[PDB]
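Next up: a single chain in structure tokens, the form deposited in one PDB entry.
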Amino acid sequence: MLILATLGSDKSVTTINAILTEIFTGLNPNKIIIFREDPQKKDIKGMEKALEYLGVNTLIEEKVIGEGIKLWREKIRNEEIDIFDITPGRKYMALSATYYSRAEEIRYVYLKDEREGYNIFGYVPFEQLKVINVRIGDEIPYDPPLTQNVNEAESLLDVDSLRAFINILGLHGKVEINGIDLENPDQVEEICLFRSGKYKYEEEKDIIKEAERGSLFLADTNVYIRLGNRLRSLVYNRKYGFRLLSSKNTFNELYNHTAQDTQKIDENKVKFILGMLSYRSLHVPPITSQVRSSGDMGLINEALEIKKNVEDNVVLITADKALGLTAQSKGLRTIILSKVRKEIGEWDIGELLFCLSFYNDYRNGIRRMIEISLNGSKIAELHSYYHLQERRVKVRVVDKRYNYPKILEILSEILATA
């Protein structure tokens, strides 16, 4: 009997996430109505299956109306509706619904920081997302449903959906990461913590500042190892573009530690492999052909040769103080990653889990299982995935009541078709 209505945007994600957020306040609709201006490109019944996995069976009817305000007037008014979410869609659609829907309740999902919007459901932490009764103005709490009838335990999750998994799980209690000893991380584990942003260098903000000034960058090996994918944002400036040059010396050092032979894997090969993959994620290998191993003087000399031949200032980025001093002596702008700070704000938990799953799936010695637990009990385990371009991790859920990755997997497929 319960009818839940909403508005159908050209964006699929807002309409989807508005419906999904409402289901997480305990509501169990039996019919969902999507009022549309224009027909939708193509939807799927996978929304029905994803809702089914949350204990909800519902008919999903789309009603196409058109542009007219009076046409929206009439069809909204004489439609039997119990709850009406108005977060998606144009402003005139929400106005028409609010004033003229016969709904008992009209609701609105309030996202304080819109910069975190338009991502997979659960990506934004649920403390920063508010469901509001627009008629009274009251924050309305989340009642997170459990998963049901989920036959498949394994799913493939990207970094954003892995973080969404943690946030959705966090509605039920305390989520914890097992397999990492946060008080005594080894060399690679410390590297993964920097790569995820849990630990940062204060001088990263100097990289941002120099990017605004339009300088060009060259980085040594450890910048790629420790900053990882986060280096892309630091060196990108909206007005000047991608300022990081593809250092020949840095690639040569990464190549010599990873590609010359099939040496057995120890901690230092995993560390240099993390740098090599991060380097490849940002640059095509500039070395079409060259093999020369210098390390310290090589990067400085490469920066000097570039300095002589471009108008822009060349800033050298390194985590090595001795190299940084030598570069400054030869007249080079330098950013030395030295000051560690632990992040109290936002960081990439998904990236950390990706990095740790990669480390433990290929390390020598006594490896560890990377697991996610809720209120002390194990919920899922994590395994690396071969495909490095469409980056996924394999989540095996050991608790049938909390298999949100399967829903997130289906939702990711819906979002990807757009």
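Sequential numbering from 1, following the sequence displayed.
- Stretch comparison (104-112 versus 205-213) by mean CA B-factor in the PDB entry places 104-112 on top.
- Averaged over their C-alpha atoms, the temperature factors of 260-268 and 138-146 are higher for 138-146.
- Annotation for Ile370, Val64, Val393, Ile349: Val64 ranks highest, by Cα B-factor.
- Take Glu253, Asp186, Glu305, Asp158 and read off each C-alpha B-factor from the entry; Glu305 has the highest.
- Ranked by Cα temperature factor within the chain, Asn178 sits in the middle third according to the deposited record.
- Annotation for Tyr236: CA B-factor lies in the middle third of the chain's modelled residues.
- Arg73: CA B factor lies in the highest third for its chain, per the PDB record.
- In this PDB entry, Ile132 carries a Cα temperature factor that places it within the highest third of its chain's modelled residues.
- Sort the modelled residues of the chain by CA B factor and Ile287 lands in the highest third.
Keep in mind the form deposited in another entry is missing from the figure; the text below concerns it.
- The residue from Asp38, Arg230, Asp181, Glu127 that marks the hinge of the rigid-body rotation between this form and the one not shown is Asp181, the others lying more than 12 positions from any hinge.
- The pair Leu388 and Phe358 is looser in the other form: their Cα-Cα distance rises by no less than 3 Å compared with this form.
- In the other form, the CA atoms of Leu388 and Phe165 move farther apart by at least 3 angstroms compared with the shown structure.
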